[PDB]
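Asks: Handing over target_29.cif, mmCIF, C-alpha atoms and all ligand atoms; chains and numbers go by the auth columns.
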data_start
loop_
_atom_site.group_PDB
_atom_site.id
_atom_site.type_symbol
_atom_site.label_atom_id
_atom_site.label_comp_id
_atom_site.label_asym_id
_atom_site.label_seq_id
_atom_site.Cartn_x
_atom_site.Cartn_y
_atom_site.Cartn_z
_atom_site.B_iso_or_equiv
_atom_site.auth_seq_id
_atom_site.auth_asym_id
ATOM 1 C CA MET A 1 -8.469 13.999 -0.827 0.00 1 W
ATOM 2 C CA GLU A 2 -10.347 14.387 2.457 0.00 2 W
ATOM 3 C CA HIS A 3 -7.609 14.412 5.097 0.00 3 W
ATOM 4 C CA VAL A 4 -9.033 12.307 7.874 0.00 4 W
ATOM 5 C CA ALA A 5 -7.190 9.395 9.471 0.00 5 W
ATOM 6 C CA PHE A 6 -8.858 6.004 9.936 0.00 6 W
ATOM 7 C CA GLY A 7 -9.453 5.562 13.676 0.00 7 W
ATOM 8 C CA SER A 8 -9.413 9.269 14.522 0.00 8 W
ATOM 9 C CA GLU A 9 -10.888 9.972 17.948 0.00 9 W
ATOM 10 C CA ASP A 10 -13.327 12.613 16.717 0.00 10 W
ATOM 11 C CA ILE A 11 -14.147 11.147 13.285 0.00 11 W
ATOM 12 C CA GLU A 12 -17.897 11.257 13.989 0.00 12 W
ATOM 13 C CA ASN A 13 -17.819 15.066 14.312 0.00 13 W
ATOM 14 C CA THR A 14 -15.799 15.399 11.110 0.00 14 W
ATOM 15 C CA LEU A 15 -17.879 13.054 8.952 0.00 15 W
ATOM 16 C CA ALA A 16 -21.022 14.841 10.117 0.00 16 W
ATOM 17 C CA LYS A 17 -20.184 17.908 8.008 0.00 17 W
ATOM 18 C CA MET A 18 -19.737 15.852 4.830 0.00 18 W
ATOM 19 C CA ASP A 19 -22.198 15.001 2.055 0.00 19 W
ATOM 20 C CA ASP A 20 -22.271 12.031 -0.332 0.00 20 W
ATOM 21 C CA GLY A 21 -19.633 13.701 -2.505 0.00 21 W
ATOM 22 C CA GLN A 22 -17.252 14.547 0.326 0.00 22 W
ATOM 23 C CA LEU A 23 -17.360 11.021 1.739 0.00 23 W
ATOM 24 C CA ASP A 24 -15.891 9.844 -1.575 0.00 24 W
ATOM 25 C CA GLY A 25 -12.704 11.721 -0.726 0.00 25 W
ATOM 26 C CA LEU A 26 -11.703 9.592 2.274 0.00 26 W
ATOM 27 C CA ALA A 27 -8.624 7.348 2.250 0.00 27 W
ATOM 28 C CA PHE A 28 -10.692 4.487 3.695 0.00 28 W
ATOM 29 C CA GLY A 29 -13.935 2.557 3.334 0.00 29 W
ATOM 30 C CA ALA A 30 -16.952 4.183 4.964 0.00 30 W
ATOM 31 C CA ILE A 31 -20.499 2.835 5.263 0.00 31 W
ATOM 32 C CA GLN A 32 -23.408 4.359 7.159 0.00 32 W
ATOM 33 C CA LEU A 33 -26.161 2.144 8.543 0.00 33 W
ATOM 34 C CA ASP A 34 -29.408 2.651 10.449 0.00 34 W
ATOM 35 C CA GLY A 35 -30.080 0.642 13.636 0.00 35 W
ATOM 36 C CA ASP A 36 -31.650 -2.159 11.596 0.00 36 W
ATOM 37 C CA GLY A 37 -28.791 -2.823 9.176 0.00 37 W
ATOM 38 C CA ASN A 38 -30.021 -0.895 6.158 0.00 38 W
ATOM 39 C CA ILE A 39 -27.287 1.013 4.326 0.00 39 W
ATOM 40 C CA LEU A 40 -27.734 4.792 4.236 0.00 40 W
ATOM 41 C CA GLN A 41 -24.368 5.775 2.764 0.00 41 W
ATOM 42 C CA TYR A 42 -21.541 3.915 0.986 0.00 42 W
ATOM 43 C CA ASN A 43 -18.354 5.642 -0.209 0.00 43 W
ATOM 44 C CA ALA A 44 -16.297 4.843 -3.308 0.00 44 W
ATOM 45 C CA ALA A 45 -13.331 3.633 -1.277 0.00 45 W
ATOM 46 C CA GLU A 46 -15.478 0.802 0.102 0.00 46 W
ATOM 47 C CA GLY A 47 -16.584 -0.032 -3.464 0.00 47 W
ATOM 48 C CA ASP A 48 -12.882 -0.214 -4.347 0.00 48 W
ATOM 49 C CA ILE A 49 -12.631 -3.195 -1.984 0.00 49 W
ATOM 50 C CA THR A 50 -15.775 -5.300 -2.388 0.00 50 W
ATOM 51 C CA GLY A 51 -16.457 -4.791 -6.070 0.00 51 W
ATOM 52 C CA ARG A 52 -19.787 -3.357 -4.927 0.00 52 W
ATOM 53 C CA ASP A 53 -21.393 -0.381 -6.670 0.00 53 W
ATOM 54 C CA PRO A 54 -22.451 2.181 -4.064 0.00 54 W
ATOM 55 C CA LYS A 55 -25.669 3.312 -5.763 0.00 55 W
ATOM 56 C CA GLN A 56 -26.910 -0.286 -6.075 0.00 56 W
ATOM 57 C CA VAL A 57 -26.551 -1.253 -2.400 0.00 57 W
ATOM 58 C CA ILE A 58 -27.892 1.852 -0.668 0.00 58 W
ATOM 59 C CA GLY A 59 -31.226 0.814 0.845 0.00 59 W
ATOM 60 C CA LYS A 60 -30.365 -2.879 1.102 0.00 60 W
ATOM 61 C CA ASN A 61 -29.660 -4.535 4.469 0.00 61 W
ATOM 62 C CA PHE A 62 -25.951 -5.036 5.136 0.00 62 W
ATOM 63 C CA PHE A 63 -26.083 -8.084 7.358 0.00 63 W
ATOM 64 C CA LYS A 64 -28.931 -9.802 5.513 0.00 64 W
ATOM 65 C CA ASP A 65 -28.468 -9.023 1.812 0.00 65 W
ATOM 66 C CA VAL A 66 -25.148 -7.366 0.893 0.00 66 W
ATOM 67 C CA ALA A 67 -22.548 -8.871 3.267 0.00 67 W
ATOM 68 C CA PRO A 68 -23.565 -12.208 4.835 0.00 68 W
ATOM 69 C CA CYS A 69 -20.014 -12.779 6.168 0.00 69 W
ATOM 70 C CA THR A 70 -20.579 -10.119 8.837 0.00 70 W
ATOM 71 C CA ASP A 71 -23.673 -12.065 9.955 0.00 71 W
ATOM 72 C CA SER A 72 -21.733 -13.490 12.883 0.00 72 W
ATOM 73 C CA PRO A 73 -21.320 -12.878 16.619 0.00 73 W
ATOM 74 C CA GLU A 74 -17.908 -11.465 15.756 0.00 74 W
ATOM 75 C CA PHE A 75 -19.351 -8.738 13.518 0.00 75 W
ATOM 76 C CA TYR A 76 -23.160 -8.498 13.516 0.00 76 W
ATOM 77 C CA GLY A 77 -23.190 -9.558 17.170 0.00 77 W
ATOM 78 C CA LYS A 78 -21.221 -6.454 18.121 0.00 78 W
ATOM 79 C CA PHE A 79 -23.352 -4.102 16.034 0.00 79 W
ATOM 80 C CA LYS A 80 -26.635 -5.211 17.593 0.00 80 W
ATOM 81 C CA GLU A 81 -25.233 -4.980 21.128 0.00 81 W
ATOM 82 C CA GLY A 82 -24.071 -1.444 20.375 0.00 82 W
ATOM 83 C CA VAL A 83 -27.328 -0.359 18.739 0.00 83 W
ATOM 84 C CA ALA A 84 -29.003 -1.711 21.865 0.00 84 W
ATOM 85 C CA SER A 85 -26.686 -0.096 24.429 0.00 85 W
ATOM 86 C CA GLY A 86 -26.723 3.326 22.763 0.00 86 W
ATOM 87 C CA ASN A 87 -22.959 3.308 22.290 0.00 87 W
ATOM 88 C CA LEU A 88 -20.481 1.510 20.044 0.00 88 W
ATOM 89 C CA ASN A 89 -16.740 1.937 19.505 0.00 89 W
ATOM 90 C CA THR A 90 -14.777 -1.133 18.376 0.00 90 W
ATOM 91 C CA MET A 91 -11.972 -2.079 15.987 0.00 91 W
ATOM 92 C CA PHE A 92 -11.104 -5.541 14.680 0.00 92 W
ATOM 93 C CA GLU A 93 -9.697 -7.471 11.752 0.00 93 W
ATOM 94 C CA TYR A 94 -12.105 -9.410 9.527 0.00 94 W
ATOM 95 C CA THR A 95 -12.106 -11.243 6.181 0.00 95 W
ATOM 96 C CA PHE A 96 -14.606 -10.488 3.418 0.00 96 W
ATOM 97 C CA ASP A 97 -15.280 -13.537 1.245 0.00 97 W
ATOM 98 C CA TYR A 98 -18.761 -13.176 -0.222 0.00 98 W
ATOM 99 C CA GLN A 99 -18.790 -13.254 -4.032 0.00 99 W
ATOM 100 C CA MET A 100 -15.229 -11.919 -3.924 0.00 100 W
ATOM 101 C CA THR A 101 -11.580 -12.847 -3.460 0.00 101 W
ATOM 102 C CA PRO A 102 -10.931 -13.364 0.253 0.00 102 W
ATOM 103 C CA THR A 103 -9.682 -9.960 1.430 0.00 103 W
ATOM 104 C CA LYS A 104 -8.397 -9.135 4.911 0.00 104 W
ATOM 105 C CA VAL A 105 -9.429 -5.807 6.397 0.00 105 W
ATOM 106 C CA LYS A 106 -9.418 -3.667 9.521 0.00 106 W
ATOM 107 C CA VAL A 107 -12.953 -2.747 10.520 0.00 107 W
ATOM 108 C CA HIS A 108 -14.036 0.105 12.790 0.00 108 W
ATOM 109 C CA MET A 109 -17.606 0.559 14.034 0.00 109 W
ATOM 110 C CA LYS A 110 -18.604 3.713 15.896 0.00 110 W
ATOM 111 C CA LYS A 111 -21.959 5.271 16.735 0.00 111 W
ATOM 112 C CA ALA A 112 -22.475 8.476 14.759 0.00 112 W
ATOM 113 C CA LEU A 113 -23.521 11.918 16.020 0.00 113 W
ATOM 114 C CA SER A 114 -27.083 11.266 14.872 0.00 114 W
ATOM 115 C CA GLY A 115 -29.337 9.155 17.097 0.00 115 W
ATOM 116 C CA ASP A 116 -29.984 5.958 15.151 0.00 116 W
ATOM 117 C CA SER A 117 -27.028 5.804 12.785 0.00 117 W
ATOM 118 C CA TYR A 118 -23.787 3.822 12.883 0.00 118 W
ATOM 119 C CA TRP A 119 -20.528 4.088 10.956 0.00 119 W
ATOM 120 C CA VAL A 120 -18.624 1.166 9.496 0.00 120 W
ATOM 121 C CA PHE A 121 -15.068 2.053 8.453 0.00 121 W
ATOM 122 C CA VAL A 122 -12.991 -0.284 6.266 0.00 122 W
ATOM 123 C CA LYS A 123 -9.305 -0.301 5.282 0.00 123 W
ATOM 124 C CA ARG A 124 -6.774 -2.825 3.986 0.00 124 W
ATOM 125 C CA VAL A 125 -4.281 -4.610 6.256 0.00 125 W
HETATM 126 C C1 LIG B . -18.975 -10.352 3.562 0.00 1 M
HETATM 127 O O1 LIG B . -18.961 -9.396 4.357 0.00 1 M
HETATM 128 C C2 LIG B . -19.287 -9.686 2.103 0.00 1 M
HETATM 129 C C3 LIG B . -19.222 -8.683 1.842 0.00 1 M
HETATM 130 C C4 LIG B . -19.056 -7.302 1.876 0.00 1 M
HETATM 131 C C5 LIG B . -19.667 -6.528 0.900 0.00 1 M
HETATM 132 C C6 LIG B . -19.601 -5.142 0.952 0.00 1 M
HETATM 133 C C7 LIG B . -18.913 -4.528 1.985 0.00 1 M
HETATM 134 O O2 LIG B . -18.855 -3.172 2.040 0.00 1 M
HETATM 135 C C8 LIG B . -18.280 -5.297 2.958 0.00 1 M
HETATM 136 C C9 LIG B . -18.350 -6.691 2.902 0.00 1 M
#
Could you render the structure as structure tokens?
Ligand SMILES: *C(=O)/C=C\c1ccc(O)cc1

Replies:
Amino acid sequence: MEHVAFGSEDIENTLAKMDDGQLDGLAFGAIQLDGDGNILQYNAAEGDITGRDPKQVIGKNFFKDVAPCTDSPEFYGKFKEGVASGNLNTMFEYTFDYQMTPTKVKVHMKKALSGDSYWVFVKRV
């Protein structure tokens, strides 16, 4: 396992050194996005929540294609305001119900170390 705690204060620094393989070792769901909503990375722990197959979503748009539930001021509204402001760091509970059993999660969104990339972290509550 990759020993990194969900919500860590320097998680962006840590996850910068990892590759596709290493991100599969985390105890929580991790998704990388560009500033538009396209998925750049998707770890196996996230797949173990949504029934989604990582390889088949990478390149698709999160808010438009993959996960319509997040297309809301409560989720997508925060992302866009962060992508706009040049900073994002927020944690909240959400429910995923698209093509899946309604599942309650804790979500964490934080700007990455790179310029136009954002992290979405998911865990069960
Ligand atoms: C509503 O958000 C639907 C779905 C969904 C699919 C994949 C991931 O990673 C989160 C949420």

Asks: Take atom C4 of ligand LIG 1 (chain M) and CA of residue 96 (chain W) and report the distance between them in Å, one decimal.

Replies: 5.7 Å

Asks: Taking (-17.3, 11.2, -2.1) as a centre in this file's frame and 12 Å as the limit, can you find every polymer residue with an atom that close, using all atoms listed in the file, and give them as a PyMOL selection string?

Replies: chain W and resi 1-2+15+18-31+41-47+54

Asks: Just the number, please: distance in Å from CA of residue 97 (chain W) to atom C5 of ligand LIG 1 (chain M), one decimal.

Replies: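 Separation between CA of residue 97 (chain W) and atom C5 of ligand LIG 1 (chain M): 8.3 Å.
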
Asks: Which residues of chain W sit at most 6 Å from ligand LIG 1 (chain M), using only C-alpha atoms and all ligand atoms? Give each one's shortest atom pair and distance in Å (one decimal place), in chain and ascending residue order, as a Markdown table.

Replies:
| residue | atom | partner | partner_atom | distance |
| --- | --- | --- | --- | --- |
| W:46 | CA | M:LIG1 | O2 | 5.6 |
| W:50 | CA | M:LIG1 | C6 | 5.1 |
| W:66 | CA | M:LIG1 | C5 | 5.5 |
| W:67 | CA | M:LIG1 | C2 | 3.6 |
| W:68 | CA | M:LIG1 | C1 | 5.1 |
| W:69 | CA | M:LIG1 | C1 | 3.7 |
| W:70 | CA | M:LIG1 | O1 | 4.8 |
| W:96 | CA | M:LIG1 | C1 | 4.4 |
| W:97 | CA | M:LIG1 | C1 | 5.4 |
| W:98 | CA | M:LIG1 | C2 | 4.2 |

Asks: When the PyMOL selection byres (((chain W and resi 107-121) around 8) and not hetatm) is applied to the structure above, which residues does it catch, written out as a compact mmCIF listing (two decimals) with C-alpha atoms, in the frame of the given file?

Replies:
# COMPACT_ATOMS: atom_id res chain seq x y z
CA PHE W 6 -8.86 6.00 9.94
CA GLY W 7 -9.45 5.56 13.68
CA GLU W 12 -17.90 11.26 13.99
CA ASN W 13 -17.82 15.07 14.31
CA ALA W 16 -21.02 14.84 10.12
CA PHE W 28 -10.69 4.49 3.70
CA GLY W 29 -13.94 2.56 3.33
CA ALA W 30 -16.95 4.18 4.96
CA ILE W 31 -20.50 2.84 5.26
CA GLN W 32 -23.41 4.36 7.16
CA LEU W 33 -26.16 2.14 8.54
CA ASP W 34 -29.41 2.65 10.45
CA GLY W 35 -30.08 0.64 13.64
CA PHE W 79 -23.35 -4.10 16.03
CA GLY W 82 -24.07 -1.44 20.38
CA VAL W 83 -27.33 -0.36 18.74
CA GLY W 86 -26.72 3.33 22.76
CA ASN W 87 -22.96 3.31 22.29
CA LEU W 88 -20.48 1.51 20.04
CA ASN W 89 -16.74 1.94 19.50
CA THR W 90 -14.78 -1.13 18.38
CA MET W 91 -11.97 -2.08 15.99
CA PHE W 92 -11.10 -5.54 14.68
CA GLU W 93 -9.70 -7.47 11.75
CA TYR W 94 -12.10 -9.41 9.53
CA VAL W 105 -9.43 -5.81 6.40
CA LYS W 106 -9.42 -3.67 9.52
CA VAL W 122 -12.99 -0.28 6.27
CA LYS W 123 -9.30 -0.30 5.28

Asks: Give me, please, the distance in Å between CA of residue 76 (chain W) and CA of residue 63 (chain W), quoted to one decimal.

Replies: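 Computing the Euclidean distance for CA of residue 76 (chain W) and CA of residue 63 (chain W) yields 6.8 Å.
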
Asks: Identify, on the basis of all atoms listed in the file, every residue whose closest approach to residue 58 (chain W) does not exceed 6 Å; exclude the query and any residue fewer than 2 positions from it along the same chain; express the result as a list in words.

Replies: residues 39, 40, 55, 56 and 60 of chain W

Asks: Store the residues picked out above, limited to C-alpha atoms, as a PDB file, keeping the file's coordinate frame.

Replies:
ATOM      1  CA  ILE W  39     -27.287   1.013   4.326  1.00  0.00           C
ATOM      2  CA  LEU W  40     -27.734   4.792   4.236  1.00  0.00           C
ATOM      3  CA  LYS W  55     -25.669   3.312  -5.763  1.00  0.00           C
ATOM      4  CA  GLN W  56     -26.910  -0.286  -6.075  1.00  0.00           C
ATOM      5  CA  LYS W  60     -30.365  -2.879   1.102  1.00  0.00           C
TER       6      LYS W  60
END

Asks: Can you work out which one of W:100, W:61, W:124, W:75 has the shortest atom-to-atom distance to residue 36 (chain W), counting all atoms listed in the file?

Replies: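 Closest to residue 36 (chain W) of all the choices is W:61.
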
Asks: Of the residues W:49, W:64, W:37, W:77, which is the one nearest to residue 104 (chain W), using all atoms listed in the file?

Replies: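 Checking each of W:49, W:64, W:37, W:77 against residue 104 (chain W), counting all atoms listed in the file, the winner is W:49.
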
Asks: Considering all atoms listed in the file, can you say which of W:38, W:51, W:10, W:85 comes closest to residue 101 (chain W)?

Replies: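 Between W:38, W:51, W:10, W:85, the residue approaching residue 101 (chain W) most closely is W:51.
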
Asks: I need region 31-60 of chain W from the structure I supplied, saved as a short mmCIF file (atom, residue, chain, number, x, y, z; two decimals), in the first residue's frame with N, CA, C and O atoms retained.

Replies:
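Now in result.cif:
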data_model
loop_
_atom_site.label_atom_id
_atom_site.label_comp_id
_atom_site.auth_asym_id
_atom_site.auth_seq_id
_atom_site.Cartn_x
_atom_site.Cartn_y
_atom_site.Cartn_z
N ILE W 31 -8.76 10.96 -8.51
CA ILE W 31 -9.03 11.26 -9.91
C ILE W 31 -8.35 12.55 -10.32
O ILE W 31 -8.53 13.60 -9.69
N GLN W 32 -7.55 12.55 -11.39
CA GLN W 32 -7.00 13.85 -11.79
C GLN W 32 -7.77 14.40 -12.99
O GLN W 32 -8.18 13.66 -13.89
N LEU W 33 -7.97 15.71 -12.98
CA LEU W 33 -8.73 16.37 -14.04
C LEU W 33 -7.97 17.57 -14.60
O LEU W 33 -7.18 18.19 -13.89
N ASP W 34 -8.21 17.93 -15.86
CA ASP W 34 -7.66 19.22 -16.32
C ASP W 34 -8.64 20.31 -15.89
O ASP W 34 -9.57 20.03 -15.12
N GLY W 35 -8.45 21.54 -16.34
CA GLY W 35 -9.29 22.66 -15.96
C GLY W 35 -10.64 22.64 -16.65
O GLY W 35 -11.52 23.43 -16.29
N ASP W 36 -10.80 21.77 -17.64
CA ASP W 36 -12.04 21.67 -18.39
C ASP W 36 -12.94 20.55 -17.87
O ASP W 36 -14.15 20.55 -18.13
N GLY W 37 -12.40 19.58 -17.14
CA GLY W 37 -13.26 18.50 -16.67
C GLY W 37 -12.91 17.16 -17.27
O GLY W 37 -13.50 16.12 -16.94
N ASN W 38 -11.93 17.15 -18.16
CA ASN W 38 -11.47 15.89 -18.74
C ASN W 38 -10.62 15.12 -17.74
O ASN W 38 -9.81 15.68 -16.99
N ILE W 39 -10.78 13.80 -17.70
CA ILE W 39 -10.08 12.99 -16.70
C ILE W 39 -8.67 12.62 -17.14
O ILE W 39 -8.51 11.97 -18.17
N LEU W 40 -7.63 12.97 -16.37
CA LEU W 40 -6.29 12.59 -16.83
C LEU W 40 -5.84 11.31 -16.15
O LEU W 40 -5.15 10.49 -16.76
N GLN W 41 -6.23 11.13 -14.89
CA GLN W 41 -5.86 9.93 -14.16
C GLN W 41 -7.08 9.43 -13.37
O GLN W 41 -7.99 10.23 -13.11
N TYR W 42 -7.09 8.16 -13.02
CA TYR W 42 -8.20 7.52 -12.33
C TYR W 42 -7.68 6.25 -11.66
O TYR W 42 -7.34 5.32 -12.39
N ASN W 43 -7.60 6.23 -10.33
CA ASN W 43 -6.99 5.08 -9.66
C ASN W 43 -8.00 3.96 -9.42
O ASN W 43 -9.21 4.10 -9.55
N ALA W 44 -7.49 2.78 -9.08
CA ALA W 44 -8.30 1.58 -8.93
C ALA W 44 -9.22 1.64 -7.72
O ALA W 44 -10.24 0.96 -7.67
N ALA W 45 -8.84 2.45 -6.73
CA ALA W 45 -9.69 2.58 -5.55
C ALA W 45 -10.97 3.33 -5.89
O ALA W 45 -12.03 3.08 -5.33
N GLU W 46 -10.90 4.26 -6.84
CA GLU W 46 -12.10 4.96 -7.28
C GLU W 46 -13.02 4.01 -8.04
O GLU W 46 -14.23 4.04 -7.79
N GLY W 47 -12.44 3.21 -8.93
CA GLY W 47 -13.10 2.15 -9.67
C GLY W 47 -13.77 1.17 -8.72
O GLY W 47 -14.85 0.62 -9.00
N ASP W 48 -13.18 0.94 -7.55
CA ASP W 48 -13.81 0.05 -6.56
C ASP W 48 -14.97 0.72 -5.83
O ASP W 48 -15.43 0.28 -4.77
N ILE W 49 -15.49 1.82 -6.37
CA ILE W 49 -16.59 2.53 -5.73
C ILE W 49 -17.74 2.76 -6.70
O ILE W 49 -18.90 2.64 -6.29
N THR W 50 -17.39 3.09 -7.93
CA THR W 50 -18.31 3.52 -8.97
C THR W 50 -18.63 2.43 -9.98
O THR W 50 -19.50 2.55 -10.85
N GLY W 51 -17.90 1.32 -9.89
CA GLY W 51 -18.05 0.28 -10.89
C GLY W 51 -17.37 0.66 -12.20
O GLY W 51 -17.41 -0.10 -13.16
N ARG W 52 -16.76 1.84 -12.23
CA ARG W 52 -16.12 2.32 -13.45
C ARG W 52 -14.74 1.70 -13.65
O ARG W 52 -14.01 1.51 -12.68
N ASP W 53 -14.44 1.39 -14.91
CA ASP W 53 -13.13 0.90 -15.32
C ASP W 53 -12.24 2.06 -15.76
O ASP W 53 -12.51 2.69 -16.78
N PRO W 54 -11.21 2.29 -14.95
CA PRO W 54 -10.24 3.37 -15.15
C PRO W 54 -9.87 3.61 -16.60
O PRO W 54 -10.08 4.71 -17.13
N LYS W 55 -9.31 2.62 -17.27
CA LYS W 55 -8.88 2.77 -18.65
C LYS W 55 -9.96 3.34 -19.56
O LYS W 55 -9.67 4.09 -20.49
N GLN W 56 -11.23 3.00 -19.31
CA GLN W 56 -12.31 3.37 -20.22
C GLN W 56 -12.87 4.76 -19.96
O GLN W 56 -13.68 5.25 -20.76
N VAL W 57 -12.47 5.43 -18.89
CA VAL W 57 -12.99 6.77 -18.64
C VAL W 57 -11.95 7.85 -18.93
O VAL W 57 -12.30 8.98 -19.28
N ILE W 58 -10.67 7.50 -18.77
CA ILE W 58 -9.60 8.46 -19.00
C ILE W 58 -9.75 9.09 -20.38
O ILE W 58 -9.73 8.37 -21.39
N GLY W 59 -9.89 10.41 -20.41
CA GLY W 59 -10.09 11.17 -21.63
C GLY W 59 -11.49 11.72 -21.75
O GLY W 59 -11.76 12.70 -22.46
N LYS W 60 -12.44 11.10 -21.05
CA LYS W 60 -13.82 11.56 -21.05
C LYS W 60 -13.98 12.74 -20.10
O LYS W 60 -13.13 12.99 -19.25
#
